[PDB]
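> Could you have a look at this structure, given as structure tokens, before my questions?
Derivation of every value follows stated rules applied to the coordinates shown; laboratory data play no part. Using ideal geometry, Cβ is built from the backbone for each residue, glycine included, and neighbour counts are taken over all protein chains shown.
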Ligand code: CLA
Ligand code: CLA
Ligand code: CLA
Ligand code: CLA
Ligand code: CLA
Ligand SMILES: CCCCCCCCCCCCCCCCCC(=O)OC[C@H](CO[C@@H]1O[C@H](CO)[C@H](O)[C@H](O)[C@H]1O)OC(=O)CCCCCCCCCCCCCCCCC
Ligand SMILES: CC1=C(/C=C/C(C)=C/C=C/C(C)=C/C=C/C=C(C)/C=C/C=C(C)/C=C/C2=C(C)CCCC2(C)C)C(C)(C)CCC1
Ligand SMILES: CC1=C(/C=C/C(C)=C/C=C/C(C)=C/C=C/C=C(C)/C=C/C=C(C)/C=C/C2=C(C)CCCC2(C)C)C(C)(C)CCC1
Ligand SMILES: CC1=C(/C=C/C(C)=C/C=C/C(C)=C/C=C/C=C(C)/C=C/C=C(C)/C=C/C2=C(C)CCCC2(C)C)C(C)(C)CCC1
Ligand code: OEX
Ligand SMILES: [Ca+2]
Ligand SMILES: [Cl-]
Ligand SMILES: [Cl-]
Ligand SMILES: [Fe+2]
């Protein structure tokens, strides 16, 4: 019995927490990511990189804490602990945002480990690896948003910060600087996520309300055996209901469940493509026809032109505090603003 | 005026003892014979304590 | 009575459904809940009193129950200033003590008393399917409800009156002597459109109309109670309705949802039953108060507020409504139907009067407008008052906002409950609430749609 | 006769120990005056 | 259904578990409390104390500007 | 056998290709009216003075809008909450100028969707189904009611209702963020949990069923042909799905009961959308998201900014530029 | 203040009471 | 000699609501309270 | 503020309104004591 086979035996044991070969890269990496985030949100400041308090220790709450992105001055430096910036000094590494690349890179390798775990368990149990394929959506989003967007930008500084309000800032920043709501790729992503929610709610409700009377109690949950060969709900009744309500209905359950994977996953992929565009400032920012017309015709207004104005206001009022390293001095008189307000 | 606060403290403590005793008495069917008159006593004493507090508020 | 899933078919999370046909224990659950309601009334009122600063306005202290007492005309004088805290304290204590009596009765009936009242009494025993007795219960309660409405009437007419924000010489408690008995006005209120400028019953703007309404309500409710005790449901109603406990619950849930939405709108828009001196300005009032405040400032700086066109071409301070009424300019143009006791002195037959706006302003009106404008029902969830972009130093959320938001949410979730129980009552009456029978699935005997 | 120390025990402690440590630290912070 | 390990319900309802955890959980809690209240965490992570965000010589944000020599900038920022 | 009885039997007939029902007798005219007016307006409606300052906004395709920028513009702020049907205008052109199509379309739409919910219950009743699909549908109904009815009512104007268009929707959201900080409202956070989780669970359930399909086909054909419409037998092995998922996380984090699983799938997004609908409905009364501006102060009392402060700067930027000509006074009270 | 102490004491009493009633009813074989 | 699981659940729940309520108290006191 | 004769039980008054929440939680506590039968 060779040592490799013995190791593969121990790693693939049936225990409370399956480990597998993937676990050697999923567990330490996920634990570094999670512990780094908890550590940073509890103890670490963004004072020297952003001019912001970002931990519980400084008084922020769950909504306002973050592992903030590193200072712009480092560009895309990987900010290794032993790297030329921190030079092995743990305190300096904390103060320069070194926890952001730590959480991002351990999280990326942890996500790789989780997908490898999906594949490994699928193979052991003997099923198709569609759960692993479904998870490619989340990885596409993580890679495009947390790695490729800042990689195309000036530095890790403009990557989203790992925090509730940090994420909200990133969202509003993409609105005001990139007009990200106007981006068709985001629109396809919105359609995918909303359609995924819709499909979840409508399948759940349909199944629960077409259940076969398989028991005597009002508690219909007890009327299902995991090993039973029979369908627990009427697909014919469901099909007729939706055909007469909505005009169309699923008639193939396999296609229904594939569609439930396809929609949100495809939406995440499409939004990721759009974000990759935004990494290079390739934005669907404007409709040039309407800009040319409004330039020439001062009576012409649409909701699009109004949103353009909103974005200009956001940019001018947010830039000095959001990008403190640029030393944006915008005197009050140059700040765009409507009447009175 | 300290007699008023004594009466009010007695009301609050008897109220706690009754908050404890009422659900135990009504859900202890084997102790029911012993606990019916005690229930009557607690109710009457509670009402009397309320009336005494009421009046004293009107005397102080 | 079964208290487990094997004996009832209902899981622990649906446990109160096990009481549907246990009239004694159900009555106990009801009386103990009533006890919870009265307990909250008393305890929350005592909390508000202990937290009350008598000189500071009620809407600045997070109060929602003392405003209700003060509208009834207890503990307050002119302009709503607090005369004595004792009536609020008395109201709280009486609710708190009665709560114990109801708690006892509930725990008794829920735990110790008969589980089913059918055997014990013909009077208190009810079967859900017994339409005559269920209408009897409707009737007894309709007579008590009408008695409560007449209690409001008696307090307003013979027992010190109620707060009339529209009283001449300033708001004050007033005894109502001529309540509006004219059924045309009273029921006309029911027939008014629920849109801007009319407001259905939300637009009731005088205590005489409110009190005359409660005389009608008491009379109609007492008559309907007597009718329901002496009658039985007729054939059409016996045929169009579901006759079961869950069905009646769903009907009451629909009614409660309707009343919750109505209460939300009432507190948001009406300042007669909800006086602004207790509840703070309505949002319409705060907007109009802003327009008025800067009308007075700029006029005092020498501006012509009538002939001053704004940057758009509409009058900066004054304009015309789409029907021509002279109204305040700016975005407040939307709230031009707003009526308030501090504004109405400056309104002429055509709307806002230039002569009044140039000569009859009073310092109390300016002070009131400043106070109402700075207390606009705008605030954050953590109670940071004013617009959401403001900094953290103003601790205020309007009572109107709290009450309106709360009762809209409760109205919506009770509409959801109505749908849940109404659909379930229908399915259970029809016999397929537990799922589709495999042998007699209806769709298997229906022709294909195509 | 179950084992005491297993992979599950370590999976539980690796998370529970620092979590209670952090919860106590965040509790202490609730009393820091500026 | 059981992978071999003792069920959690059997563990947490047992005397020996709580004999151990009546001390271990509180000791961890107080260890974290002391980590904060002794000021150790400020020194460990370099988080400014409430009176060290701004100094006498600096009234503005200490935003990092060097590419490499950050020990020096953070020292001058104090 | 009477003619009314014959009509009742036809209306409630379960053999109609599209079920009508009593709720349908209202749904069909209202939704058809709304669709006709919406398409005609979106294509051809003249500009609308939304802000009531005589600054008409072009919403229709023929006036220069594309599909993304086109909208049916909400009715004028001068109207406020006043009822504005066609017969209250002195001409159709006055009706159009003041945004009457918006009122017509929204009122008929709202009635139509409430009737759609009732119709879902009605057909479930006629099919002998359980009755609660309409309860799940009440979540999007609540959200639509929030943006088209409740928010205007609370703000005091149908001009504050969501525009019937794509860029109009973004304008609504941006303005809403600027005046209510919806991102920092916990009910919106539950809505985001509802939609992210709804998509997560849709992907999870779809992927687990698809992974655990019973072999029925050859490799040359779509696996979907391994299911036959109306078949007795289950098309995937839930036991295999549970083994995989309970090893992916832990055994007790996985469902073995399809009924419990399908309940969770229905309940999670539905509850999340109920919360977000109520969030929009309560910010209609200006009970806004969390305000943490200048929450952190140092010892001297100087403000230490947080991410919430930067978000507030973004909100102020949005707020000072919105409806640039509509405000005459310093505070945006509605 | 001794007030934070009194409020927490009353709250602790009220919090323990209900569970204490259930505990007594379970320990003494009551009609739970 | 086994502590009933419902007692363990009640004790843990009380402690968890306690830590949550201490965290909410800190929102209004000390650092991060705006005062 | 409460009348002066009652200012003693003020800390008790501040913790009274919350009790119905404790009733809702006590429903669950009793169910857990009966094993959610
Ligand atoms: C308003 C809240 C409310 C009320 C009034 C009731 C009332 C009732 N429930 Mg319901 N229940 C509720 C909420 C409520 N429930 C919730 C939220 C849940 C979900 C957890 C349930 C789940 C549930 C189940 C699963 C079952 C019930 C049952 C019952 C009935 C029998 C009670 C019994 O034997 O318990 C016995 C409990 C005890 C003996 C424990 C002590 C209880 C007392 C009342 C505590 C009172 C303390 C109080 C402070 C004392 C004040 C005294 C003095 C000051 C007045 C009773 C009528 C049962 C039923 O249907 O019977 C057929 C049943 O099986 N309930
Ligand atoms: C109609 C109900 C209602 C309304 C409008 C108010 C309004 C108010 N209360 Mg009161 N209160 C109520 C009920 C109500 N309360 C009840 C039932 C209790 C007993 C616990 C209290 C106890 C109480 C105290 C002890 C205090 C207040 C205070 C206040 C004020 C500030 C509120 C605040 O900061 O909230 C913060 C907001 C929240 C915590 C948000 C709650 C979110 C809820 C839980 C969401 C649930 C929605 C939905 C139903 C969920 C269902 C899910 C399912 C159906 C799908 C405000 C005037 C304070 C004050 O100023 O006093 C003077 C104060 O100190 N209240
Ligand atoms: C909606 C409330 C309600 C209802 C319908 C009942 C109904 C019943 N109870 Mg219950 N009970 C209640 C509340 C209620 N009770 C409360 C709050 C308590 C606590 C004090 C009790 C305590 C209690 C006990 C201890 C007993 C009953 C019994 C009975 C039965 C016979 C009653 C009787 O003697 O005949 C009719 C009685 C009268 C006509 C006189 C009483 C009328 C009251 C006391 C006066 C008017 C009420 C109020 C003060 C005025 C308006 C209330 C206000 C809120 C508007 C009957 C099923 C008995 C039973 O189970 O018998 C088998 C029994 O032993 N009840
Ligand atoms: C809580 C109070 C209450 C309750 C539960 C009932 C319950 C009942 N009543 Mg009674 N009634 C009451 C108060 C009440 N009544 C009062 C106060 C009076 C005095 C005026 C009457 C007078 C009365 C008479 C004269 C009759 C009833 C009848 C009935 C039965 C069927 C009624 C029906 O189908 O309604 C549903 C209503 C309809 C089907 C009518 C259609 C109306 C259309 C749909 C328009 C509805 C308006 C719109 C949807 C809502 C707008 C909102 C806004 C107006 C609030 C039912 C048992 C009937 C019966 O069988 O007698 C024994 C009957 O003939 N009631
Ligand atoms: C007076 C109104 C009323 C009444 C008497 C009932 C009564 C009943 N309902 Mg209904 N229901 C109502 C309103 C009402 N409901 C509303 C408004 C809704 C919509 C949300 C529902 C939705 C509903 C469903 C979905 C179901 C019932 C069911 C039932 C039955 C069992 C209930 C039970 O044991 O609950 C047990 C109680 C609990 C499990 C506690 C619920 C805890 C919730 C989540 C907390 C809500 C938030 C609360 C305010 C706390 C917030 C504070 C937070 C910070 C902690 C019973 C007949 C069941 C049924 O059909 O049986 C036949 C059922 O499945 N009801
Ligand atoms: C069932 C579990 C058991 C529940 C019981 C305990 C749980 C948590 C309670 C601890 C809260 C601490 C109380 C405050 C200390 C007293 C100081 C004071 O007066 O206030 C301190 C401050 C300041 O307020 C003022 O302070 C002054 C100086 O001390 C005086 O004391 C004044 O009287 C006082 O008004 O006010 C607040 O911070 C009040 C808001 C926070 C208090 C309650 C927080 C919420 C409680 C739990 C809810 C969240 C948990 C979620 C769980 C999910 C399920 C529901
Ligand atoms: C970073 C770093 C590192 C690492 C570390 C670690 C790994 C850490 C860990 C840490 C941890 C791992 C921690 C934890 C914590 C946690 C917490 C903090 C908790 C909390 C909790 C809470 C607060 C909750 C609450 C609640 C809810 C909400 C629900 C239910 C109820 C309760 C109450 C429970 C190293 C050294 C390598 C290097 C340097 C850097
Ligand atoms: C007015 C007054 C009074 C009264 C009071 C009362 C009436 C009481 C009550 C009491 C109560 C009423 C209490 C209770 C409480 C409760 C609790 C405290 C609970 C808790 C909960 C929890 C903790 C949970 C948990 C759990 C479970 C059990 C289930 C499953 C899940 C879990 C595990 C999570 C007195 C006497 C003071 C005097 C003065 C005045
Ligand atoms: C106090 C007051 C007043 C008065 C008021 C009044 C005079 C009342 C009345 C009220 C009324 C007079 C009520 C009524 C109601 C109604 C309703 C709520 C109805 C409903 C119905 C239903 C629910 C139906 C159902 C159905 C249908 C639809 C058909 C067939 C089937 C069935 C049967 C299911 C005034 C404003 C002057 C002022 C302020 C205060
Ligand atoms: O219309 Mn639409 O957006 Ca409701 O806040 Mn006031 O108004 Mn206007 O300004 Mn901001
Ligand atoms: Ca106090
Ligand atoms: Cl805008
Ligand atoms: Cl304005
Ligand atoms: Fe499924």
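> Can you report the principal axis dimensions of the protein assembly as shown using only the alpha carbons, biggest first, rounded to whole angstrom?
Sorted largest first, the three principal extents are 102, 86, 85 Å.
> By the gyration tensor of its Cα atoms, with a ≥ b ≥ c the square roots of the eigenvalues, what is the shape of chain A: rounded for a/c under 1.5, prolate for a/b over b/c, or oblate?
oblate
> Just subtract the alpha-carbon distance of residue C:236 and residue C:130 from 0.36 nm times their residue separation and send over the number in nm, one decimal.
Additional length available on full extension: 36.5 nm.
> Compute the FRET efficiency between residue C:177 and residue I:4 as 1/(1 + (r/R0)^6), taking r as their Cβ-Cβ distance and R0 = 51 Å, and round to the nearest 0.05.
Values: r = 38 Å, r/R0 = 0.75.
Efficiency at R0 = 51 Å is approximately 0.85.
> Tell me, in nm to one decimal, what length is gained between residue C:79 and residue C:440 on full extension, where the rule is 0.36 nm per residue of separation less the Cα-Cα distance?
122.9 nm
> Give me the inter-chain shielding for A:181-193: mean count of other chain Cβ atoms within 10 Å, whole number please.
What the average comes to for A:181-193 is 2.
> Find how much the distance from residue A:78 to residue A:10 grows on full extension, using 0.36 nm per residue of separation minus their present alpha carbon separation; answer in nm with one decimal.
Numbers: separation 68, 0.36 × 68 = 24.48 nm, distance 3.54 nm.
Residue separation times 0.36 nm, minus the Cα-Cα distance, leaves 20.9 nm.
> Would you calculate the separation in nanometres between label points at residue C:339 and residue A:273, each defined as 7 Å from the Cα along the Cα-to-beta-carbon direction?
Each label point is offset 7 Å from its Cα along the Cβ direction, giving 6.1 nm.
> How much of the calculated P(r) for the stretch C:270-376 lies past 22 Å, in percent of all Cα pairs? Walk me through the intermediate numbers first.
Values: 1396 of 5671 pairs.
Percentage above 22 Å: 25.
> Right, next: What number does chain F give for Rg over Rh if you use C-alpha atoms and the Kirkwood radius?
The Rg/Rh ratio comes out at 1.06.
> Peptide F:191-197: average number of partner chain Cβ atoms within 10 Å per residue?
Per residue, the average neighbour count from other chains is 3.
> Let me ask you something else. Please determine, in degrees from 0 to 90 and to the nearest 10, the orientation of helix C:245-269 with respect to the longest principal axis defined by the Cα atoms of chain C, where the helix direction is its Cα long axis.
Compared with the principal axis, the helix lies near 10 degrees.
> Taking the highest mean first, how do the peptides F:277-289, A:149-161 order by number of other beta carbon atoms within 10 angstrom per residue? Each step should come with its number before you reach the end.
Working: F:277-289: 26.4, A:149-161: 20.8.
Highest mean packing first, the order is F:277-289, A:149-161.
> Now for a separate question. Sorted by mean Cβ packing within 10 Å, highest first, what order do the peptides F:169-178, I:5-14 take?
F:169-178, I:5-14
> Relative to the longest principal axis of chain A, what angle (0 to 90°, nearest 10) does the C-alpha long axis of helix A:235-245 take?
Once rounded, the angle reads 50 degrees.
> Here is a further query. Computed over the Cα atoms of chain B, what is the ratio Rg over Rh, Rh following Kirkwood?
1.11
> Ok, one more. Compactness ratio of the stretch F:191-334: Cα Rg over 2.2 N^0.38 Å, N = residue count? Mind dumping the intermediate values first?
Details: Rg = 25.3 Å, N = 144, 2.2 N^0.38 = 14.5 Å.
Against the compact-globule rule of thumb, the ratio is 1.74.
> So how do H:5-18, F:101-114 stack up, highest first, on mean other-Cβ count within 10 Å? Mind dumping the intermediate values first?
Values: H:5-18: 14.6, F:101-114: 21.6.
Going from most to least packed, we get F:101-114, H:5-18.
> The stretch C:1-45 to the stretch H:1-31: how many Å between their Cα centroids?
Answer, in whole Å: 27.
> Going by how many other Cβ atoms sit within 10 Å of their own, how do F:115, F:134, A:200 line up, fewest first? Write down the numbers at each step before the final one.
Numbers: F:115 22, F:134 25, A:200 34.
Fewest to most other Cβ atoms nearby, the residues stand as F:115, F:134, A:200.
> Can I ask one more? At a Förster radius of 56 Å, what calculated FRET efficiency corresponds to the Cβ-Cβ distance of residue C:353 and residue C:16, to the nearest 0.05?
0.40
> Something else: Just checking the output field for C:249-259: average partner chain Cβ neighbours within 10 Å of each residue's Cβ?
Working: counts 0, 0, 0, 0, 0, 0, 0, 0, 0, 0, 0.
Average per residue, whole number: 0.
> While we're on this one: Scale the Cα Rg of the stretch E:18-68 by the rule-of-thumb value 2.2 N^0.38 Å and send over the ratio, two decimals.
Ratio of Rg to 2.2 N^0.38 Å for the stretch E:18-68: 1.83.
> Here's another thing I want to ask about it. Counting other C-beta atoms within 10 Å, which of F:270, F:73, D:7 has the fewest, and how do the rest follow?
On the way: F:270 27, F:73 31, D:7 17.
By the 10 Å Cβ count, ascending: D:7, F:270, F:73.
> Grab the DSSP H runs of chain F that are 4 residues or longer, score each as -39,500 (n - 2.57), total them, divide by all residues and round the 222 nm result to the nearest 500 deg cm²/dmol.
-17500 deg cm²/dmol
> Order of C:37, A:19 from fewest to most other C-beta atoms within 10 Å?
Going from sparsest to densest Cβ surroundings: C:37, A:19.
> How large are Rg and Dmax for the stretch A:122-206 when calculated on the C-alpha trace, in angstrom?
16.6, 49
> I'd like the distance separating the alpha-carbon centroids of the stretch A:88-112 and the stretch F:228-245, in whole Å.
43
> Hey, what number do you get for chain E at 222 nm if only DSSP H runs of n ≥ 4 count, each worth -39500 (n - 2.57), divided across all residues, to the nearest 500?
Counting only the DSSP helices, I get -16000 deg cm²/dmol.
> Given labels modelled 7 Å from the Cα in the Cβ direction, how far is it in nm from residue C:192 to residue D:2?
7.0
> While we're looking at this one, here's another question. Cα axis of helix E:15-37 to longest principal axis of chain E: angle in degrees, 0 to 90, nearest 10?
10
> Grab the DSSP H runs of chain C that are 4 residues or longer, score each as -39,500 (n - 2.57), total them, divide by all residues and round the 222 nm result to the nearest 500 deg cm²/dmol.
Taken over chain C, the calculation gives -16500 deg cm²/dmol.
> Still on this model: Roughly how many whole Å is it from the C-alpha centroid of the stretch A:162-190 to that of the stretch A:226-258?
37
> For residue A:216 paired with residue A:246, estimate the spin-label separation in nm (one decimal), with each label point 7 Å from Cα along the Cα-to-Cβ line.
Between residue A:216 and residue A:246, the simple spin-label model gives 3.7 nm.
> Before anything else, pin down the relative contact order of chain B: Cα pairs under 8 Å, at least 6 apart, normalised by residue count, whole percent.
Working: 24 pairs, mean separation 33.2, N = 60.
Reported as a whole number, the value is 55 percent.
> Find the relative contact order for chain F and round it to a whole percent, using C-alpha pairs within less than 8 Å whose residues are 6+ positions apart.
Relative contact order for chain F comes out at 18 percent.
> Take the Cβ-Cβ distance between residue A:333 and residue I:21 as r, set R0 to 60 Å, and report the resulting FRET efficiency rounded to the nearest 0.05.
0.65
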